[PDB]
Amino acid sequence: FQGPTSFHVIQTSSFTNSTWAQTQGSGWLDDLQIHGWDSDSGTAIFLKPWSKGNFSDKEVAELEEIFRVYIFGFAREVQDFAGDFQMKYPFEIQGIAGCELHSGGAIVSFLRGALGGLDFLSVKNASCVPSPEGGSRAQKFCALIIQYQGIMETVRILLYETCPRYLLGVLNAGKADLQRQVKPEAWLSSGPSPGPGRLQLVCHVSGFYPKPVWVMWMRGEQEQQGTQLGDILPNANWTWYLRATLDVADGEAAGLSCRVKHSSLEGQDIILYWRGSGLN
């Protein structure tokens, strides 16, 4: 099937000083947000009608309570122990946890934590593993949390028992949006390129869903290996935008075309033709 294959929740916890911290969180299917965390209320914001997947309201509420309790206690413990391993304010902690469906059907779970934007720890085999960037501080931290009752057991349950069945339920409940097909549009632009007698041609491709796409500058049926893909950029409302560029000598630009292949097109590729001399 098409569309996202993973669910994850993220945490950004910003510690301004000894007494002030604030946590942002959200839930995601690959890059598509399906949950928000509302710090006004300590509850989740459900962004799609199907964002609860096949979970009952009782179970959703229970998970919300777990997160609400975690978010509050995390800040409490981090502060109490910020004196223990010397940590200078301000600092920021990040966390990502979830699971992913792989080819063959297997579901793999993951949890990673970061401090100041560098890896700090991960959970592997239901055990806390310090990352080498986290230093001795990450070692002391892992040895601490494993002693606090219930934490690792709750983490184990969520990672390996709750997340896999949530992912399967929500991938199915949301399939009409998740596996929809949205045709891109494409257009050409130009502009100066570094060096004498060089031009940069740009094939813009916008509005496609799902994310996998193929864009190539061509000469007839010969793909131009010099094609450079830019990073895929988001549009609002769950579609994407991509620039494919080609550096070409002046006077060798004629004969170039841009071909777009996409799952939504039903084999009707988009082909754009570069014309010279300001004939667009």
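By rigid core we mean the largest C-alpha set that fits within 1.5 Å across both forms. A residue's number is simply how far along the shown sequence it sits, counting from 1.
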> How do 168-176 and 189-197 compare in 8 other deposited structures of this protein: which one has C-alphas farther from this form after the rigid core is matched?
Replying inline: 189-197
> 79-87 versus 178-186: which one's CA atoms end up farther from this form in 8 other deposited structures of this protein after a core fit?
Replying inline: 79-87
> For the stretches 245-253 and 210-218, which has the higher mean C-alpha B-factor as given in the deposited record?
Replying inline: 245-253
> Would 87-95 or 199-207 have the larger average of its C-alpha temperature factors, as given in the entry?
Replying inline: 87-95
> Hey, out of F74, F110, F120, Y148, whose CA B-factor is highest in the deposited coordinates?
Replying inline: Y148
> Whose CA atom has the top B-factor in the entry, of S26, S56, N235, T43?
Replying inline: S56
> If you rank every modelled residue in this chain by C-alpha B factor, which third holds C128: lowest, middle or highest?
Replying inline: highest
> Hey, what third does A106 fall into on Cα B-factor, ranked over its chain?
Replying inline: middle
> Considering only modelled residues of the same chain, in which third does the CA B-factor of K183 rank: lowest, middle or highest?
Replying inline: lowest
> Among the modelled residues of its chain, does the C-alpha B-factor of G169 lie in the lowest, middle or highest third?
Replying inline: lowest
> Looking at the C-alpha B-factor of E161, is it in the lowest, middle or highest third of its chain?
Replying inline: middle
